[PDB]
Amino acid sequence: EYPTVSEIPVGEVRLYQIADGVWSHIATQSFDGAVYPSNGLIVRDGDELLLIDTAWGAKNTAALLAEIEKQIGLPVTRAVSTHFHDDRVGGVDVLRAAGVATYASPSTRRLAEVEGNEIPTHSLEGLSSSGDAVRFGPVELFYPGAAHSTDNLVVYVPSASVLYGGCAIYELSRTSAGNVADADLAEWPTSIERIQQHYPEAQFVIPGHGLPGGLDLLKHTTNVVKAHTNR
């Protein structure tokens, strides 16, 4: 039963094992009087944890580490932010203070710095060209090309067929485009095509926000992006 926007108060974080040593983390945040859910990933790396993305702010991210310290007991050693916006890097100073090594592509780090946002300390090399893939312990990092943002990465857990799409992939419940202020609408469908062509084997697909599904979430995102383009 995947945790939903309701059963999580803004300030709290729930974990949801997906497979052997793979969790999503689920948080909530208020924007413009509404409440939205947010997903990241946790991947066991021997006796320690890889974190993908913050829980959308300093308070939610301190809760996330406390919820990891109650429920799993292993130390987060590294974190990756999948793009430069506040829902992915907000909480990076909290991670750093606790001893977590924070990572992002040089492009994410430059865009975060221009935007004023928290800047992960470490640089991920070899992701500057669309279709680039690099190994990062128990996951592959993949730059599909510009989509939700010019810098957006996706993460694959070969051991488990878990594709974490971040904010480049929409949940089925989302039937209109969200925040596309920094998006490349022209390149978004091609970038999703590179994800399909690189990861046909994926069996679990986690959007940046809301429910996981199958690879149908890629075709869903393409349908929503194209409808928005033709507004």
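From 1 onward, residues are counted along the sequence shown.
- Averaged over Cα atoms, the B-factor as recorded in the entry is higher for 131 to 139 than for the other of 82 to 90 and 131 to 139.
- Higher mean CA B-factor, judged across 163 to 171 and 190 to 198 from the recorded values: 190 to 198.
- Residue set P106, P144, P75, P120: peak C-alpha B-factor at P75 (per PDB entry).
- The deposited CA B-factor of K226 belongs to the lowest third of values across its chain.
- Among all modelled residues in this chain, the alpha-carbon of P9 has a temperature factor (C-alpha) in the highest third.
- For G40, the recorded CA B-factor ranks within the lowest third of the chain. Only modelled residues enter the ranking.
- The entry lists a Cα temperature factor for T61 that places it in the middle third of the chain's modelled residues.
- Among all modelled residues in this chain, the alpha-carbon of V154 has a temperature factor (C-alpha) in the lowest third.
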